[PDB]
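A.B. asks: Below is one structure. I have some questions about it.
We did not get these values from a lab; they are worked out from the coordinates using the rules stated. Cβ placement follows ideal geometry from the backbone for every residue including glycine, while neighbour counts extend to all protein chains displayed.
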């Protein structure tokens, strides 16, 4: 309906080098300036109110994609939980009703860790897995950036 992507990352005030800058700075800037998509970024676009759970829910419904940025802080704080604790959000993931682009920025070191993630992948009906290879992919006009833009909606 009203957004081309909901953007799900984790920020803490911490296991992240240059990765943090890609997932907090360059990624939303490049998609929303240099390609002009419209993103819903929770730390711009949503006050924590008493209705936060249903606010966040009713914004995912209005988003054409779900981007999930697997910074190691995300695997730390299991950033995906919101999307499995909320009932409607869950079924949307398993029913195909929402397309999930999952930007993988690190190697899943973590025997437990590696397995939870596969049940995430399991539980999403429509999944794209795009791999971020450092500054190398961050360099605009890259192989990562093209891989990402038609996984985004039409123009």
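A.B. asks: Within region 114-152, can you find the residues that are surrounded by 13 or more Cβ atoms within 10 Å (Cβ to Cβ), over 15 Å from the mean Cα position of the chain (by Cα) and closer than 20 Å to residue 93 by Cα?
C.D. replies: The answer is 116, 123, 125.
A.B. asks: In addition: Tell me whether region 12-20 contains one or more residues that are assigned to a strand (DSSP E or B), buried (at least 16 other Cβ atoms within 10 Å of the Cβ) and in contact with a helix residue (DSSP H, G or I) (Cβ under 6 Å, 6 or more places away or on another chain).
C.D. replies: The answer is no, given that none of the residues of region 12-20 is assigned to a strand (DSSP E or B), buried (at least 16 other Cβ atoms within 10 Å of the Cβ) and in contact with a helix residue (DSSP H, G or I) (Cβ under 6 Å, 6 or more places away or on another chain).
A.B. asks: So, one more: Tell me which of these residue 78 doesn't satisfy, since it passes every other one: (1) outside any helix (DSSP H, G or I); (2) within 13 Å of the chain's Cα centre (by Cα); (3) more than 25 Å from residue 13 (Cβ to Cβ).
C.D. replies: (3)
A.B. asks: Here are the criteria: (1) outside any helix (DSSP H, G or I); (2) within 24 Å of residue 145 (Cβ to Cβ); (3) in contact with a helix residue (DSSP H, G or I) (Cβ under 6 Å, 6 or more places away or on another chain). Tell me which single one residue 103 does not satisfy.
C.D. replies: The one condition residue 103 does not meet is (3).
A.B. asks: Identify the residue in region 81-96 that is out of contact with any helix residue (DSSP H, G or I) (no Cβ under 7 Å at 6 or more places or on another chain) and not in a helix (DSSP H, G or I) and, among all such residues, is nearest to residue 153 (Cα to Cα).
C.D. replies: Out of the qualifying residues, it is 96.
A.B. asks: Moving on. I'd like the residue in region 46-66 that is under 23 Å from residue 130 (Cβ atoms) and in contact with a helix residue (DSSP H, G or I) (Cβ under 8 Å, 6 or more places away or on another chain) and, out of all such residues, is surrounded by the most Cβ atoms within 10 Å (Cβ to Cβ).
C.D. replies: Going through the qualifying residues, I end up with 66.
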